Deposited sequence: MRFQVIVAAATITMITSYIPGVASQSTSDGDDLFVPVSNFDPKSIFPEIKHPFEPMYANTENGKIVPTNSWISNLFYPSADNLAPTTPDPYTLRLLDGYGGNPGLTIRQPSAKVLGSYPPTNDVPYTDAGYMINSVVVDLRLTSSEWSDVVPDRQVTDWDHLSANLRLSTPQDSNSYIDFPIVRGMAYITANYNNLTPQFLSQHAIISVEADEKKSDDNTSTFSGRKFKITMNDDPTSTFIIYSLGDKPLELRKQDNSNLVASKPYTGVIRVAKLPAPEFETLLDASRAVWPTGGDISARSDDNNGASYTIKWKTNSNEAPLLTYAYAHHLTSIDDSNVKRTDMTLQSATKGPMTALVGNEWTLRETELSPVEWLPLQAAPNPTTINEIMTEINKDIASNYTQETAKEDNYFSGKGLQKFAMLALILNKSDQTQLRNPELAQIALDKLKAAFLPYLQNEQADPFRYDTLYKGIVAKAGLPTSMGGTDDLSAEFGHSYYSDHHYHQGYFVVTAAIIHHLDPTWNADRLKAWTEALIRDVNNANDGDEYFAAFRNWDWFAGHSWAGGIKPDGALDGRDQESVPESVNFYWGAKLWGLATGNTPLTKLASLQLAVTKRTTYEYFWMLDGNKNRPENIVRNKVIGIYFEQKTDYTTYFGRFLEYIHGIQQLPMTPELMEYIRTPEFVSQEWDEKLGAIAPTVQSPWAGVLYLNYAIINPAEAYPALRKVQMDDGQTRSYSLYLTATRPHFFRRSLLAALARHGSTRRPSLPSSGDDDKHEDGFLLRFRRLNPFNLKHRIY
C-alpha cells in the first residue's frame, strides 16, 4: 500500500503569519520532553487547573477526575457510568416533538485511588509524557518527589493502572463497601492477598476487582464503610477493574498482568479503493494478550484476524456499549471511500432547468461580494467565499455541467479572486498569527489587548483558543482549492504556502513537520473530529462537537486541495478521514431507528444535538429551535455532503419524524437549508420550494437549484 502519514509541506509559517506565544500556558506539563501540548484532545484537561478539580478526562469506558476534594483524600477518581440521567427542557413550540433534551453522567466517586499519606496534604500533579492515545500522569507528595503514583492513562483501558512508589495505598468510594473477598475466600474487617473483589451499595451494583502486581502482597483494613487502607508504604503496580458481569472474572484474571502505556497509529491506502489505519498498542510486557475496550464503530470496521472479540461490555460516557477486544494490534478498514471530487456525480442538470439555473446564477454573480464576504469575523466570511467559489466552480467546468457563459464564468472567477485576495494577504478584519507554544495558527481577535485583540476569549468563536479551527479553516481551504484548480498560476506560491499552513494547522499527519502539532482536530480512537479548544477553568464535560457537515467540509477541502496539487497521500488521508467520519456519524450523531448506542428517548430526536465527552445536549450554541438543531447538521451542502455523507435512509427517517412537519412552516433562511437537504430524497418537491424560500447566508439559490436538478431521480413536479 501507500503511506498517508507524511508531511503536507515543511514551509515555515513565520514567513506569512506574524509570530506570537499563546497567552494561556500549560500549567502541568513536562516542558523538558520536546512534545507539544494538544489543544483539542481528550487529554487536554490534564494540563490545566480546573474549577473544583472537576475537569473529567475520559479514556473510556472509565472517566477520571484529578484531585477533586470530596471523600477527603485527594487522588485519582474513577467513575464508570452504567446508567445515564436524562433531563428535559421546559416545553416550547420552538422544539415541538421532544421529551429528552439532554443526557448526562452522574459525577460520583465510584472509586478513588489515593494514599493515607495524603490526609493533610494536597499532592502535586504532573503530565510526564503523552501521545495521541495516552498520557502518563504522576501525583507525588509535595517536597517529597520520591513518594509518588504513576498513572498510565490510555484510551480504552479495561483497568486503571497505578504504579505506587513509597506510599500507602488507599481506596475510597462514595458508596459503601458491602462485601470484600480476598484471594477468593469468604467474615472479618482486615484482609490480605493479591486479589480483592469489593462490592458496593449502588444501583445497579458496582463490583470492583483490585489486583496487586508488586513483589509483596497487600494488606487492607476496612477503616470505614467507604475506605480500605493498606498497612505500609507499598512499591509496585496496583490495578483496578470493574467487573462487568460475574462470568468475566476469569478474563480479568488472565489480563491483570499486562497494561497499555500508549499506542502508535499509522495509516495506508490501497489500490482496492480502500484505506486503513492501525493502532499498535504499547505495553509493559508481553507475557499475556492485551485486553482493550472498543467503540461500536471499531467493532464494525476492524480486521478480525489478529484480535478476539469478547462478550464483555461496559457503557461508555457517550458512545454506547464498548466491547473488550483481546490483542495488541488493531487494523481498522474503510473499504469504500468517497468518489466525490468537485461536482455532483451527475454533473449536468436536468435540461428543463438550465434556463432557470442560468438566470439565477446571473443574479447571484451580480451580488455585492464585499458585503457578502467581508463580514465581521472569519467564519461568516468563509461561508460567503465558499458559496461564490461554488458558482465559479460550476461555471468554469461547463464542459461537464453545461452552464455555458464564458463571459459570466470569467466574471465569477474574477470577483471570487478579488474578494478572496484580502484573506490571502492576511489583511482581513481578523488576521491570523502563528503560535509557537501550541504550534498552530490562531486568529488575533480573541487575544489579550497587548496582542491586538479584544480581550474576549469568545471572540471569533474561540478560534484564538483553538476552538472551531476546522469549521473556520474548512471554508478557506475549499475556496483556495477551487481558485488554485481553476487558475493554477494566480498567486501560486503564496497560495500554496497559505492554504497548506491552514491544512497543517488542522490536519498535520506527521511530527516531521516541526511547525505544527499533529492531528489537532482529528481523533483516531473516537473516529471523528473535536471542536472545543482551550477552555480556561476546565472543559467540565470534556471536548465538544456540534457541526458534523462543517467538519466534513474541512476534510472535503483537504481532499480538493489534494486534487488541485497532485498530492496523493493528502487526497487519500482526507478520504479515509471522511470514511471514518461517515461511519461514526451514523453510530453516534445521526441516529437511525434502532440505534443501539442511545436511550430510546434520545434516538427519537434523530440528531444528538451538541455532543460532548460527558453529555449530549439537544440544542445549539445559538438558539434552542428545532430548525436550528437539524439545520446545523445540513450546511454547507456540498457534493460531499449530498452524494456521500447524508444518506437517503436517514434523511428520509428524519423528514418523516421531525422535519416534514416544520420545514414548510419555516419563514427564515433555515427554510433553504431544510429544503436543500430534502432535495436528497425528494428533488421533485424540493426544486419548486427552493425557487421560493429564503437562502442561508452560506447558500445561493442558483447553486441549490443546480444541486437539486442534478439528483438522478429528479422530475418536473
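Novice: Which deposited-sequence positions, grouped into ranges, are missing C-alpha coordinates?
Specialist: Model skips 1-29, 216-218, 750-796 of the deposited chain.
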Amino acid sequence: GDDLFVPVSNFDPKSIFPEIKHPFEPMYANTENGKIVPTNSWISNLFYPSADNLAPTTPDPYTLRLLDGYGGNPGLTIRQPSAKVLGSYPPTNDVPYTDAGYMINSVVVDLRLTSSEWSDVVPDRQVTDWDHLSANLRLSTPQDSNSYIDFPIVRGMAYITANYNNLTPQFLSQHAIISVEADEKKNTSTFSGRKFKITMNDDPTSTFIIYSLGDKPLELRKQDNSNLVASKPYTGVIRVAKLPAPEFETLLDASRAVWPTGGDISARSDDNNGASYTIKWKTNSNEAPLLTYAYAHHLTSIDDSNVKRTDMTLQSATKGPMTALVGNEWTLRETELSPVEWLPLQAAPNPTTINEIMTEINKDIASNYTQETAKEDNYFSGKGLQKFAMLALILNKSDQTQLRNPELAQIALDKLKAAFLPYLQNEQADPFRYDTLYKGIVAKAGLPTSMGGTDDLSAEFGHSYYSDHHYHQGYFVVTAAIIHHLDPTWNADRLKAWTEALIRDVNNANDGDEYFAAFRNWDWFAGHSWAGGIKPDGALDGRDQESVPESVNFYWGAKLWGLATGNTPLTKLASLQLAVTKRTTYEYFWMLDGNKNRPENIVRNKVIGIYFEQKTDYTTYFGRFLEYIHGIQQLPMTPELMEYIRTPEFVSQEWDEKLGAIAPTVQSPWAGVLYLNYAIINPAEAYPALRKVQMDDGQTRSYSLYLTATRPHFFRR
From here on, numbers count along this sequence of modelled residues.
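Novice: Mind pulling up the entry and telling me whether 566-574 or 449-457 has the higher mean Cα temperature factor?
Specialist: The entry gives the higher C-alpha B-factor average to 449-457.
Novice: Is the mean CA B factor in the deposited entry higher across 420-428 or across 633-641?
Specialist: Taking the mean C-alpha B-factor of 420-428 and of 633-641, the larger value falls to 420-428.
Novice: Could you check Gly263, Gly214, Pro351, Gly156 and tell me which one carries the biggest Cα B-factor in the deposited entry?
Specialist: Checking the PDB record, the top C-alpha B-factor among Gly263, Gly214, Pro351, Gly156 is at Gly214.
Novice: At the C-alpha atoms, which of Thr499, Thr114, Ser316, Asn508 reaches the highest B-factor in this entry?
Specialist: Reading the PDB entry, the winner on C-alpha B-factor is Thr114.
Novice: Based on the deposited C-alpha B factors for this chain, I'd like to know if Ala689 is in the lowest, middle or highest third.
Specialist: Lowest third, going by the recorded CA B-factors of the chain.
Novice: Please place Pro669 in the lowest, middle or highest third of its chain according to the CA B-factor in the PDB entry.
Specialist: Tercile = middle for this residue's CA B-factor.
Novice: For the chain shown, is the CA B-factor of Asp99 in the lowest, middle or highest third of its modelled residues?
Specialist: Tercile = highest for this residue's CA B-factor.
Novice: Considering only modelled residues of the same chain, in which third does the CA B-factor of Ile178 rank: lowest, middle or highest?
Specialist: Ranked within chain, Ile178 CA B lands in the highest tercile.
Novice: Classify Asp617 as lowest, middle or highest third according to the C-alpha B-factor given in the PDB entry, relative to its own chain.
Specialist: For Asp617, the deposited C-alpha B-factor lands in the lowest third.
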